[PDB]
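Peer 1: Make a model of this:
(5 chains)
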Amino acid sequence: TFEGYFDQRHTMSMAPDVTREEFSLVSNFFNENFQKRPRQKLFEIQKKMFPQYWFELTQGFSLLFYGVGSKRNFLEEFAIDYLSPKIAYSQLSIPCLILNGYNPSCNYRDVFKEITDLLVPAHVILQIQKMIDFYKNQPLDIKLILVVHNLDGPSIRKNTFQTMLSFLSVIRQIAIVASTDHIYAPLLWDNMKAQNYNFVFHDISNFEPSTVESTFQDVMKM
Amino acid sequence: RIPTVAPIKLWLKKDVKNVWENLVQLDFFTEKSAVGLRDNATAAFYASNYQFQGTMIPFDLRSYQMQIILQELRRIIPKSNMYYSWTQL
Amino acid sequence: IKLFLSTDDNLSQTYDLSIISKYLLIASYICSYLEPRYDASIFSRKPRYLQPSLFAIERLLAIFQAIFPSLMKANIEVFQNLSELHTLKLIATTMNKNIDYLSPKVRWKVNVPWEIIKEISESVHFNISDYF
Amino acid sequence: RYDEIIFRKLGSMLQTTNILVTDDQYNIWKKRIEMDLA
Amino acid sequence: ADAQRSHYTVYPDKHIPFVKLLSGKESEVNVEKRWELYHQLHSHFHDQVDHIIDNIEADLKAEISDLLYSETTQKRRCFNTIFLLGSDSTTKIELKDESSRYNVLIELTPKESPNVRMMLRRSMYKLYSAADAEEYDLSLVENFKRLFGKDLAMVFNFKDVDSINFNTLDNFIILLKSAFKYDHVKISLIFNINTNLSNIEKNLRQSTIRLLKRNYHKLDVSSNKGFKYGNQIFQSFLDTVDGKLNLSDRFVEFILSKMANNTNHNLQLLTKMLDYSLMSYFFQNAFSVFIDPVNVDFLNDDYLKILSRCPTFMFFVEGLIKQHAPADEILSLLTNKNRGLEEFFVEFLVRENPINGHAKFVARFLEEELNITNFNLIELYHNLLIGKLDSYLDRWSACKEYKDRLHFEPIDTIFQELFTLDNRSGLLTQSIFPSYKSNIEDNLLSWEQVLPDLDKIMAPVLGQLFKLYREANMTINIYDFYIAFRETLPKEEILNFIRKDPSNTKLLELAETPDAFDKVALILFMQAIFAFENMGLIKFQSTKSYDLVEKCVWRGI
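Peer 2: Residues are numbered from 1 along each chain as shown, chains lettered A, B, ... in the order given. Sure, structure below:
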């Protein structure tokens, strides 16, 4: 309850020091061994929602995946094995763009270069406006699939990057899938951003270890 | 302090804003930590770059200090002024 | 006479807000002007002229939950209204460059004066005047 | 039951909606009425 | 590896997203017909929705053009001001391509306005760039007529006024005031205001407000205006139904509950709810195939099971029993012989509901005859559905003359439940208005609701640590937290599970150490704390010491 908030000389050196290499070993062993079968069974059961996810994406509802545990592998498996091939074999090979929000070294201009190359026939918002005006006359067929891991990523958290991603979802011929880990993630988006994003919210918590994301921050600083 | 009736406008808080602006233009007031005019162009460039707290906080909550003390007020303000009696505490 | 009685220099229900937004603003004004000492004293069952102080997100959420009319809890709509408040320049932050709300060093403060929150409370029928 | 709980938590359209009477309840009602019907 | 890169592009019978119902007994033809019917109704709805949106945008653009080019013969050269209340950065304006006068749109984002110098430099840069396609200071404005032979008209679009430094804006306005000395320059100002004129009156100096106010216009372009367009959208949703589907009281109540939570962008949310409800109905209910009464011939015993489980049917059978109907009818319906209730169902499918026609009649009567427009059509439909229409009509005093005409009696037709939309399972809330915080907290505390030989005993470390986090104080000495977490662990079972692996030499090498348990506990604790930092649960006091942490969330709020 809320009353639990109102009703509320040792050092870390007293604990035995663990090196980074020693840190990796136990982490890997307990990630691979412990809770293997039940989590794999949960993943296999969760795969049953692939037709629903496909239908939602074709209707234009963006997918936001949240909950405790890593969501990179789930999105990779979905987008690679189910979404992209079926779109090609039912519309008649669809390119898929993967953005790593867990990397602080990203740049929005670099991603926009790939977007322009993949979408625009031969001041980012000015070009996005031209894309929107162009794709109005284009048929309502999915041409590019966009996957954005960690919409709460360090550089991704910034308002400009969120604005750039928000104007992307106006075009129906673009499929957007995003994931978040922060509990206060909805604080980032206002009504205008929510309207442009068109997320349908799905909790996909799986207690999957964040092995990849742990590489960009040093545990030795703790 | 006025006899009543047998059967001095308190100006609105919005109209006072012009008077408040005039009293800051004419250098009676100053900001709490107003550095003022910079000595050289290099420091002036940084001063024009950095935005202080006083440029963001609301109009009615900007702290000011006074350049004229009430003693000088009573010395200068004519005794015939209708607020002369309030020059002291 | 009516032309002279008013300056008419003004550029012209003053702020259309959802109930969640109104209660969030009410709680934020309490946070920005009430000492952290009195939170447990007043809200747990166990100043008009100074500049507002900063407050954390958890204090705002706790006071909002305590004053919202069984728990309301925090859904996506609550945080969406909170972000709308910031976008509307009703709540200020402690940052000016590269806005990132999730950075753990950013605090919040109220930009709405007393004369507006008074009428908001009147429209809500919430008696703030008895909390000070 | 486990599958229905995770379907409800996941917000899946595969989970049935409790607007109509459940199959088991109506089956029990039909069997109990029919057992004394003849 | 590609995982370390910021971003990268990956390249890889005919499927229909609808899944078989009746445990797979549904035929391909039935699935195809359901898919086609869904597409038909969905496209018919969008043909109205997109038309309404286009009409709204065209009307807004026409009004903007009228305001911009509403030429007024003012003797004094002054700015032209347009205040777009409740507007956003998404809107756009196209100017006239006049012959004698050149018109340029100038966008001014807050990032482009850190100081007056940068503002003027960028403004002149864009002004020069625009004139470069005809065939950085105010001297450019002075020399424009000699450089390009044409008059200059500038339209300034302040894209987001609230975030702009108002002192810098005031100085910039005073700077632009100097341009009136030129005989060939005209300036127009566009203000994207989110809330009201109050913020501008508070922040700008009262001298600049007088400069703006001499020639200004005020226009409310918000998406919500007296239910004018929401009522039309809802009526179009009723129309595209054609009486093939009905609305329940609970569904309309849910819609009304969620609409009031957003004040500026209600139309998109309403469209979201309607489209998702239509999708759910066409995905979940098998009887949607029988929307066309031609498809009734495809009935089967499994469909008779659904028909029998209709509440109306359930009480109709008991009514036959209690009214002493012949037992032959009861035996026939139990044994599903002679199926005359299928003929009754055909009649039901043919029977048009008078609710839609009466609602349209009442709406048009209010709009034209009673001349009442300040009403929500959703509330009117809800009161019609509950049957409390008289109370809703009593809101307006002019209804007394026509209360008899406007009165409507609801009818609970048999088998109507199979063709109604309602919120009964909570699916429409878990995905459209989730309790994002509460769901995560519950999963941390109630992991048994997610997860289906140490795996059988110990819960995932994150939830067990969240237990202590809920038990934890506001500020924590991290060493004590690690001690408690270590104490909660099953030390001997963990050691045995570690020793289970015979070939992982590096694991046994640490297992030989007496401090193995402490090190393993510390590694797990640090990984969990890093995850908490990613999730926003913990905040360090690193400036003083990394050894103390602060909680960032509490349960139940």
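Peer 1: For residue E:287, see how far away residue E:303 is.
Peer 2: In this view, residue E:303 and residue E:287 are 7 Å apart by CB to CB, to the nearest Å. (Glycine included, C-beta is placed from N, CA and C.)
Peer 1: List the contacts of the closest residue to residue E:420 other than its chain neighbours.
Peer 2: Taking CB to CB, 6 or more residues apart in numbering or on different chains, and ignoring the residues beside it in sequence, residue E:420 has residue E:246 as its nearest neighbour in space, at 4.6 Å. Applying CB atoms under 8 Å, 6 or more residues apart in numbering or on different chains, we find residue E:246 in contact with E:353, E:355, E:416, E:419, E:420, E:421.
Peer 1: what's the answer for residue E:277, then?
Peer 2: E:251, E:421, E:428.
Peer 1: Distance from the helix or strand where it lies to the middle of the chain?
Peer 2: With secondary structure defined by DSSP states H and E, residue E:277 is part of helix E:266-284. Per CA atoms, centre = their mean, to the nearest Å, the displacement of helix E:266-284 from the mean C-alpha position of its chain is 11 Å.
Peer 1: For stretch B:8-23, measure first residue to last.
Peer 2: From its first residue to its last, stretch B:8-23 covers 21 Å (CA to CA, to the nearest Å).
Peer 1: Do any residues in it lie close to chain E?
Peer 2: Yes: legend: contact between stretch B:8-23 and chain E by CB under 8 Å from any CB of the partner chain is shown at B:14, B:17, B:18, B:21.
Peer 1: do the same with stretch A:139-151
Peer 2: No: where contact is defined by CB under 8 Å from any CB, no part of stretch A:139-151 touches chain E; the two come within 8.8 Å at best.
Peer 1: Tell me the residues of chain C that contact chain B?
Peer 2: C:7, C:9, C:10, C:51, C:52, C:92, C:96, C:111, C:113, C:115.
Peer 1: Name only those of those residues that count as buried.
Peer 2: C:52, C:92, C:111, C:113 (16 or more other CB atoms under 10 Å in any protein chain shown).
Peer 1: How about the contacts made by the last one?
Peer 2: Read that as residue C:113. Residue C:113 touches B:58, B:60, counting by CB under 8 Å, 6+ apart.
Peer 1: cool, and the second one?
Peer 2: By CB under 8 Å, 6+ apart, residue C:92 lies in contact with B:56, C:108, C:109, C:110, C:111.
Peer 1: now swap in residue E:165 and tell me
Peer 2: B:51, B:55, B:56, E:110, E:113, E:114.
Peer 1: Tell me how far the residue nearest to the spatial centre of chain D lies from chain E.
Peer 2: Taking CA atoms, centre = their mean, the centroid of chain D lies closest to residue D:22, which sits 2.6 Å from it. With distances taken as CB to the nearest CB, to the nearest Å, residue D:22 is found 8 Å from chain E.
Peer 1: likewise residue A:123?
Peer 2: Separation of residue A:123 from chain E (CB to the nearest CB): 9 Å.
Peer 1: what's the burial count for that residue?
Peer 2: 6 (other CB atoms under 10 Å in any protein chain shown).
Peer 1: what's it in contact with, if anything?
Peer 2: With contacts defined as CB under 8 Å, 6+ apart, residue A:123 has no neighbours.
Peer 1: just residue E:511 next, same as before
Peer 2: By CB under 8 Å, 6+ apart, the neighbours of residue E:511 are E:495, E:498, E:499.
Peer 1: most neighbours, which of these?
Peer 2: Result: residue E:498 is most packed of these (other CB under 10 Å), 21 neighbours.
Peer 1: burial of the residue in chain B that chain A sits nearest to, as a residue count?
Peer 2: The minimum distance from chain B to chain A, using CB to the nearest CB, falls at residue B:56 (17.4 Å). Residues contacting residue B:56 under the criterion other CB under 10 Å number 15.
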